[PDB]
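Text of the file start00.pdb, holding PDB, C-alpha atoms and all ligand atoms:
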```pdb
ATOM      1  CA  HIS A   2     155.386  56.093  27.023  1.00  0.00           C
ATOM      2  CA  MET A   3     159.017  57.143  27.754  1.00  0.00           C
ATOM      3  CA  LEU A   4     161.184  60.177  28.506  1.00  0.00           C
ATOM      4  CA  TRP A   5     164.915  60.841  28.911  1.00  0.00           C
ATOM      5  CA  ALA A   6     165.823  63.199  31.711  1.00  0.00           C
ATOM      6  CA  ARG A   7     169.104  64.732  32.839  1.00  0.00           C
ATOM      7  CA  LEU A   8     170.801  62.805  35.680  1.00  0.00           C
ATOM      8  CA  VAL A   9     167.982  60.250  36.034  1.00  0.00           C
ATOM      9  CA  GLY A  10     168.177  59.086  32.408  1.00  0.00           C
ATOM     10  CA  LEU A  11     165.600  56.978  30.587  1.00  0.00           C
ATOM     11  CA  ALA A  12     162.209  56.648  32.298  1.00  0.00           C
ATOM     12  CA  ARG A  13     159.270  54.465  31.302  1.00  0.00           C
ATOM     13  CA  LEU A  14     155.987  56.313  32.024  1.00  0.00           C
ATOM     14  CA  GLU A  15     152.465  55.264  33.031  1.00  0.00           C
ATOM     15  CA  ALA A  16     149.785  57.860  33.720  1.00  0.00           C
ATOM     16  CA  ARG A  17     146.153  57.749  34.810  1.00  0.00           C
ATOM     17  CA  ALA A  18     143.463  60.036  36.191  1.00  0.00           C
ATOM     18  CA  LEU A  19     142.951  60.027  39.934  1.00  0.00           C
ATOM     19  CA  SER A  20     139.736  58.280  40.958  1.00  0.00           C
ATOM     20  CA  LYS A  21     137.061  60.368  42.682  1.00  0.00           C
ATOM     21  CA  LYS A  22     138.099  58.648  45.926  1.00  0.00           C
ATOM     22  CA  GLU A  23     141.806  59.435  45.298  1.00  0.00           C
ATOM     23  CA  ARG A  24     141.003  63.075  44.522  1.00  0.00           C
ATOM     24  CA  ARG A  25     139.004  63.594  47.726  1.00  0.00           C
ATOM     25  CA  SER A  26     141.765  61.866  49.700  1.00  0.00           C
ATOM     26  CA  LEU A  27     144.435  64.090  48.141  1.00  0.00           C
ATOM     27  CA  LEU A  28     142.467  67.257  49.015  1.00  0.00           C
ATOM     28  CA  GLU A  29     141.909  66.050  52.578  1.00  0.00           C
ATOM     29  CA  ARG A  30     145.655  65.316  52.928  1.00  0.00           C
ATOM     30  CA  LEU A  31     146.734  68.745  51.587  1.00  0.00           C
ATOM     31  CA  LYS A  32     144.381  70.885  53.679  1.00  0.00           C
ATOM     32  CA  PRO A  33     146.188  70.730  57.059  1.00  0.00           C
ATOM     33  CA  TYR A  34     149.635  71.628  55.651  1.00  0.00           C
ATOM     34  CA  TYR A  35     149.042  74.667  53.425  1.00  0.00           C
ATOM     35  CA  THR A  36     147.256  78.002  53.750  1.00  0.00           C
ATOM     36  CA  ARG A  37     145.363  77.230  50.530  1.00  0.00           C
ATOM     37  CA  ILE A  38     145.212  74.401  48.027  1.00  0.00           C
ATOM     38  CA  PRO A  39     146.703  76.249  44.998  1.00  0.00           C
ATOM     39  CA  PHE A  40     144.776  74.696  42.081  1.00  0.00           C
ATOM     40  CA  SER A  41     141.133  74.993  40.994  1.00  0.00           C
ATOM     41  CA  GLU A  42     138.301  72.612  41.973  1.00  0.00           C
ATOM     42  CA  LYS A  43     138.097  71.869  38.251  1.00  0.00           C
ATOM     43  CA  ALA A  44     141.816  71.136  37.580  1.00  0.00           C
ATOM     44  CA  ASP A  45     142.617  67.783  35.973  1.00  0.00           C
ATOM     45  CA  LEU A  46     144.589  65.652  38.424  1.00  0.00           C
ATOM     46  CA  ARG A  47     146.636  62.695  37.165  1.00  0.00           C
ATOM     47  CA  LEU A  48     149.094  60.258  38.720  1.00  0.00           C
ATOM     48  CA  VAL A  49     152.288  59.762  36.693  1.00  0.00           C
ATOM     49  CA  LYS A  50     154.595  56.856  37.517  1.00  0.00           C
ATOM     50  CA  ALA A  51     158.108  56.966  36.056  1.00  0.00           C
ATOM     51  CA  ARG A  52     160.403  53.949  36.247  1.00  0.00           C
ATOM     52  CA  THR A  53     164.088  54.697  35.778  1.00  0.00           C
ATOM     53  CA  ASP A  54     167.196  52.551  36.166  1.00  0.00           C
ATOM     54  CA  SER A  55     167.280  53.084  39.984  1.00  0.00           C
ATOM     55  CA  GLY A  56     163.562  52.841  40.810  1.00  0.00           C
ATOM     56  CA  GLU A  57     160.109  54.353  40.576  1.00  0.00           C
ATOM     57  CA  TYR A  58     158.993  57.974  40.913  1.00  0.00           C
ATOM     58  CA  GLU A  59     155.419  59.138  41.346  1.00  0.00           C
ATOM     59  CA  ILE A  60     154.187  62.660  40.630  1.00  0.00           C
ATOM     60  CA  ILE A  61     150.728  64.151  40.660  1.00  0.00           C
ATOM     61  CA  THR A  62     150.185  66.399  37.651  1.00  0.00           C
ATOM     62  CA  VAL A  63     147.748  69.347  37.756  1.00  0.00           C
ATOM     63  CA  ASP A  64     146.506  70.121  34.208  1.00  0.00           C
ATOM     64  CA  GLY A  65     149.675  68.275  33.049  1.00  0.00           C
ATOM     65  CA  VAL A  66     152.099  70.290  35.205  1.00  0.00           C
ATOM     66  CA  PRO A  67     154.199  68.064  37.545  1.00  0.00           C
ATOM     67  CA  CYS A  68     153.171  69.628  40.876  1.00  0.00           C
ATOM     68  CA  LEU A  69     152.933  67.273  43.829  1.00  0.00           C
ATOM     69  CA  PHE A  70     154.692  64.235  45.303  1.00  0.00           C
ATOM     70  CA  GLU A  71     154.410  61.942  48.317  1.00  0.00           C
ATOM     71  CA  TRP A  72     157.456  61.856  50.563  1.00  0.00           C
ATOM     72  CA  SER A  73     158.663  59.196  53.020  1.00  0.00           C
ATOM     73  CA  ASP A  74     156.893  60.970  55.896  1.00  0.00           C
ATOM     74  CA  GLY A  75     153.536  60.271  54.159  1.00  0.00           C
ATOM     75  CA  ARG A  76     152.933  63.972  53.497  1.00  0.00           C
ATOM     76  CA  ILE A  77     152.384  65.557  50.049  1.00  0.00           C
ATOM     77  CA  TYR A  78     154.834  68.296  48.976  1.00  0.00           C
ATOM     78  CA  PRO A  79     155.007  70.695  46.024  1.00  0.00           C
ATOM     79  CA  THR A  80     157.709  70.445  43.380  1.00  0.00           C
ATOM     80  CA  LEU A  81     159.633  73.616  42.521  1.00  0.00           C
ATOM     81  CA  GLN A  82     157.722  73.483  39.199  1.00  0.00           C
ATOM     82  CA  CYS A  83     154.497  73.784  41.243  1.00  0.00           C
ATOM     83  CA  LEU A  84     155.887  76.986  42.880  1.00  0.00           C
ATOM     84  CA  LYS A  85     156.693  78.398  39.446  1.00  0.00           C
ATOM     85  CA  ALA A  86     153.145  77.555  38.261  1.00  0.00           C
ATOM     86  CA  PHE A  87     151.211  78.716  41.381  1.00  0.00           C
ATOM     87  CA  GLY A  88     153.615  81.026  43.263  1.00  0.00           C
ATOM     88  CA  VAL A  89     154.455  80.614  46.974  1.00  0.00           C
ATOM     89  CA  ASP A  90     151.724  82.601  48.780  1.00  0.00           C
ATOM     90  CA  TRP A  91     149.669  79.445  49.413  1.00  0.00           C
ATOM     91  CA  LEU A  92     152.448  77.942  51.581  1.00  0.00           C
ATOM     92  CA  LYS A  93     152.345  78.566  55.347  1.00  0.00           C
ATOM     93  CA  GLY A  94     155.735  80.209  55.055  1.00  0.00           C
ATOM     94  CA  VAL A  95     158.739  81.158  53.014  1.00  0.00           C
ATOM     95  CA  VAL A  96     162.308  81.620  54.223  1.00  0.00           C
ATOM     96  CA  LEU A  97     164.534  84.064  52.314  1.00  0.00           C
ATOM     97  CA  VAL A  98     168.193  83.059  52.065  1.00  0.00           C
ATOM     98  CA  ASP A  99     171.516  84.655  51.139  1.00  0.00           C
ATOM     99  CA  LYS A 100     173.575  83.870  48.008  1.00  0.00           C
ATOM    100  CA  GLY A 101     175.876  81.370  49.729  1.00  0.00           C
ATOM    101  CA  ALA A 102     172.815  79.539  51.113  1.00  0.00           C
ATOM    102  CA  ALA A 103     170.960  79.568  47.775  1.00  0.00           C
ATOM    103  CA  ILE A 104     174.031  77.911  46.175  1.00  0.00           C
ATOM    104  CA  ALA A 105     174.406  75.329  48.985  1.00  0.00           C
ATOM    105  CA  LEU A 106     170.686  74.446  48.765  1.00  0.00           C
ATOM    106  CA  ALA A 107     170.954  74.038  44.983  1.00  0.00           C
ATOM    107  CA  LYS A 108     173.737  71.539  45.733  1.00  0.00           C
ATOM    108  CA  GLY A 109     171.496  69.578  48.147  1.00  0.00           C
ATOM    109  CA  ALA A 110     172.285  71.000  51.613  1.00  0.00           C
ATOM    110  CA  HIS A 111     169.821  71.579  54.465  1.00  0.00           C
ATOM    111  CA  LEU A 112     169.277  75.262  55.274  1.00  0.00           C
ATOM    112  CA  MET A 113     171.182  76.511  58.296  1.00  0.00           C
ATOM    113  CA  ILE A 114     170.089  79.548  60.325  1.00  0.00           C
ATOM    114  CA  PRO A 115     173.086  81.814  59.393  1.00  0.00           C
ATOM    115  CA  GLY A 116     171.950  81.521  55.727  1.00  0.00           C
ATOM    116  CA  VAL A 117     168.537  83.024  56.538  1.00  0.00           C
ATOM    117  CA  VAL A 118     167.916  86.727  55.757  1.00  0.00           C
ATOM    118  CA  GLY A 119     164.119  86.877  56.152  1.00  0.00           C
ATOM    119  CA  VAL A 120     160.966  85.007  57.137  1.00  0.00           C
ATOM    120  CA  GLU A 121     157.558  85.462  55.525  1.00  0.00           C
ATOM    121  CA  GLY A 122     154.268  84.091  56.813  1.00  0.00           C
ATOM    122  CA  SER A 123     153.548  82.405  60.103  1.00  0.00           C
ATOM    123  CA  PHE A 124     154.427  78.792  60.799  1.00  0.00           C
ATOM    124  CA  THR A 125     155.428  76.278  63.421  1.00  0.00           C
ATOM    125  CA  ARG A 126     158.168  73.650  63.608  1.00  0.00           C
ATOM    126  CA  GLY A 127     157.166  70.767  61.312  1.00  0.00           C
ATOM    127  CA  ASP A 128     155.372  72.947  58.717  1.00  0.00           C
ATOM    128  CA  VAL A 129     156.124  72.795  54.972  1.00  0.00           C
ATOM    129  CA  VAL A 130     158.041  75.908  53.821  1.00  0.00           C
ATOM    130  CA  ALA A 131     160.037  76.965  50.752  1.00  0.00           C
ATOM    131  CA  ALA A 132     163.452  78.618  50.707  1.00  0.00           C
ATOM    132  CA  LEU A 133     163.895  81.445  48.185  1.00  0.00           C
ATOM    133  CA  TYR A 134     167.047  83.263  47.161  1.00  0.00           C
ATOM    134  CA  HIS A 135     166.355  86.754  48.532  1.00  0.00           C
ATOM    135  CA  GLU A 136     167.625  88.749  45.548  1.00  0.00           C
ATOM    136  CA  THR A 137     165.459  87.159  42.817  1.00  0.00           C
ATOM    137  CA  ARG A 138     162.879  85.272  44.962  1.00  0.00           C
ATOM    138  CA  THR A 139     163.857  82.069  43.129  1.00  0.00           C
ATOM    139  CA  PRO A 140     162.532  79.016  44.988  1.00  0.00           C
ATOM    140  CA  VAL A 141     165.486  76.701  45.553  1.00  0.00           C
ATOM    141  CA  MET A 142     164.228  74.183  48.111  1.00  0.00           C
ATOM    142  CA  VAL A 143     161.048  72.827  49.707  1.00  0.00           C
ATOM    143  CA  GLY A 144     161.267  71.307  53.170  1.00  0.00           C
ATOM    144  CA  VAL A 145     160.292  71.183  56.801  1.00  0.00           C
ATOM    145  CA  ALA A 146     160.716  73.998  59.334  1.00  0.00           C
ATOM    146  CA  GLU A 147     162.905  72.931  62.261  1.00  0.00           C
ATOM    147  CA  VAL A 148     161.852  75.986  64.301  1.00  0.00           C
ATOM    148  CA  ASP A 149     158.761  78.227  64.643  1.00  0.00           C
ATOM    149  CA  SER A 150     158.657  81.336  62.437  1.00  0.00           C
ATOM    150  CA  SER A 151     158.688  83.688  65.469  1.00  0.00           C
ATOM    151  CA  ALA A 152     161.768  81.852  66.829  1.00  0.00           C
ATOM    152  CA  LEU A 153     163.501  81.952  63.422  1.00  0.00           C
ATOM    153  CA  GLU A 154     162.945  85.747  63.270  1.00  0.00           C
ATOM    154  CA  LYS A 155     165.130  86.192  66.360  1.00  0.00           C
ATOM    155  CA  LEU A 156     167.579  83.337  65.508  1.00  0.00           C
ATOM    156  CA  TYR A 157     168.522  84.595  62.026  1.00  0.00           C
ATOM    157  CA  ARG A 158     168.954  88.157  63.349  1.00  0.00           C
ATOM    158  CA  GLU A 159     171.609  86.925  65.794  1.00  0.00           C
ATOM    159  CA  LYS A 160     172.969  84.501  63.143  1.00  0.00           C
ATOM    160  CA  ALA A 161     172.572  81.565  65.546  1.00  0.00           C
ATOM    161  CA  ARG A 162     173.977  78.214  64.403  1.00  0.00           C
ATOM    162  CA  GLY A 163     171.763  75.217  63.633  1.00  0.00           C
ATOM    163  CA  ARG A 164     169.371  73.832  61.064  1.00  0.00           C
ATOM    164  CA  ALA A 165     166.548  76.145  60.052  1.00  0.00           C
ATOM    165  CA  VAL A 166     164.875  73.930  57.409  1.00  0.00           C
ATOM    166  CA  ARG A 167     165.252  70.211  56.627  1.00  0.00           C
ATOM    167  CA  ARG A 168     165.451  69.788  52.854  1.00  0.00           C
ATOM    168  CA  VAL A 169     162.848  67.518  51.148  1.00  0.00           C
ATOM    169  CA  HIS A 170     163.169  68.618  47.480  1.00  0.00           C
ATOM    170  CA  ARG A 171     165.620  71.004  45.851  1.00  0.00           C
ATOM    171  CA  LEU A 172     166.690  72.542  42.563  1.00  0.00           C
ATOM    172  CA  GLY A 173     168.524  69.958  40.466  1.00  0.00           C
ATOM    173  CA  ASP A 174     167.683  66.877  42.541  1.00  0.00           C
ATOM    174  CA  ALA A 175     166.525  63.673  40.796  1.00  0.00           C
ATOM    175  CA  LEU A 176     162.808  64.495  41.215  1.00  0.00           C
ATOM    176  CA  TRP A 177     163.463  68.022  39.918  1.00  0.00           C
ATOM    177  CA  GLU A 178     165.191  66.678  36.769  1.00  0.00           C
ATOM    178  CA  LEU A 179     162.309  64.241  36.140  1.00  0.00           C
ATOM    179  CA  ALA A 180     159.703  67.001  36.690  1.00  0.00           C
ATOM    180  CA  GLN A 181     161.612  69.290  34.275  1.00  0.00           C
ATOM    181  CA  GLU A 182     161.342  66.666  31.565  1.00  0.00           C
ATOM    182  CA  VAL A 183     157.616  66.014  32.184  1.00  0.00           C
ATOM    183  CA  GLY A 184     157.085  69.791  31.862  1.00  0.00           C
ATOM    184  CA  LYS A 185     159.235  69.970  28.688  1.00  0.00           C
ATOM    185  CA  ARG A 186     157.137  67.202  27.158  1.00  0.00           C
ATOM    186  CA  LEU A 187     153.883  68.927  28.115  1.00  0.00           C
ATOM    187  CA  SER A 188     155.181  71.994  26.180  1.00  0.00           C
TER     188      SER A 188
HETATM  189  K     K A 201     142.242  76.617  45.245  1.00  0.00           K
END
```
How does this structure look as structure tokens?
Amino acid sequence: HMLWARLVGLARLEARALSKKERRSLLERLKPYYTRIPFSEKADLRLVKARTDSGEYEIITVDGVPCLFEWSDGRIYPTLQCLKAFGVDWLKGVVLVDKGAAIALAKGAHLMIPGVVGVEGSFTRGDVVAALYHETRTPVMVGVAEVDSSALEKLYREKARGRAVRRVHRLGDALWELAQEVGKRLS
């Protein structure tokens, strides 16, 4: 019925199961952007709508865990809670970042090339990737590669300037705070 999240505040909730049509559509829309769809064929998928003081948020829950969201580009992205639940191996790529970059990303910055200390997986410009703090492998941001993985390998090694990854969702953003609270309530 309602939750109260940090930053976002009071949210009035409505939840429902995805229809069979909605489920098939979701799977079709995920397939091109990820190595694997992380959840089981038998997972329970629900759509949660949360209305706060500023507007409406929509999250797809996977067995109750707030995992997926539609962005303004019309593509479906994982929450950081999804990456905790399912790991990161199912993404096309991961970018490892230094401490200064991890902190900046947690504040809401895009990821710049000099903050990159490694690249895992193979991906092209435009692909969905996650940025992880190298030391602990903590996911801090989910976003869109601005360069190919092979290009980024040479660019970070020379500490070239420019944007490596365009941020879509990050640790401590409004969606993150909402997802935290949905997860807390599930517990
Ligand atoms: K799967």
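Residues matched by the PyMOL selection byres (((chain A and resi 183) around 9) and not hetatm) in this file: residues 4, 6, 65, 66, 67, 178, 179, 180, 181, 182, 184, 185, 186, 187 and 188 of chain A.
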Around all listed atoms of region 175-187 of chain A, padded 3 Å per side, what centre and edge lengths does the axis-aligned box have in Å to one decimal, as JSON?
```
{"center_x": 160.2, "center_y": 66.8, "center_z": 34.2, "size_x": 18.6, "size_y": 12.3, "size_z": 20.1}
```
Requested in this report: Do a neighbour search on residue 82 (chain A) at 7 Å with only C-alpha atoms, toss out local chain neighbours closer than 3 positions, and write the hits as a ChimeraX atom specification.
Outcome: /A:67-68,85-86
Requested in this report: Would you mind listing the residues within 12 Å of ligand K 201 (chain A), counting only C-alpha atoms and all ligand atoms, as a PyMOL selection string?
Outcome: chain A and resi 28+31-32+35-44+63+87+90-91
For the interface of region 59-130 of chain A with region 139-163 of chain A (cut-off 6 Å, counting all atoms listed in the file), please tabulate each contacting residue of region 59-130 of chain A alongside its nearest pair of atoms and their separation in Å to one decimal, rows sorted by chain and increasing number, as JSON lines.
```
{"residue": "A:113", "atom": "CA", "partner": "A:163", "partner_atom": "CA", "distance": 5.5}
{"residue": "A:114", "atom": "CA", "partner": "A:157", "partner_atom": "CA", "distance": 5.6}
{"residue": "A:115", "atom": "CA", "partner": "A:160", "partner_atom": "CA", "distance": 4.6}
{"residue": "A:117", "atom": "CA", "partner": "A:157", "partner_atom": "CA", "distance": 5.7}
{"residue": "A:123", "atom": "CA", "partner": "A:150", "partner_atom": "CA", "distance": 5.7}
{"residue": "A:124", "atom": "CA", "partner": "A:150", "partner_atom": "CA", "distance": 5.2}
{"residue": "A:125", "atom": "CA", "partner": "A:149", "partner_atom": "CA", "distance": 4.0}
{"residue": "A:126", "atom": "CA", "partner": "A:148", "partner_atom": "CA", "distance": 4.4}
{"residue": "A:127", "atom": "CA", "partner": "A:146", "partner_atom": "CA", "distance": 5.2}
{"residue": "A:128", "atom": "CA", "partner": "A:146", "partner_atom": "CA", "distance": 5.5}
{"residue": "A:129", "atom": "CA", "partner": "A:145", "partner_atom": "CA", "distance": 4.8}
{"residue": "A:130", "atom": "CA", "partner": "A:144", "partner_atom": "CA", "distance": 5.7}
```
Query raised in the report: If you measure from CA of residue 134 (chain A) to CA of residue 70 (chain A), what distance in Å do you get, rounded to one decimal?
Result: 22.8 Å
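Separating CA of residue 71 (chain A) from CA of residue 116 (chain A) is a distance of 27.3 Å.
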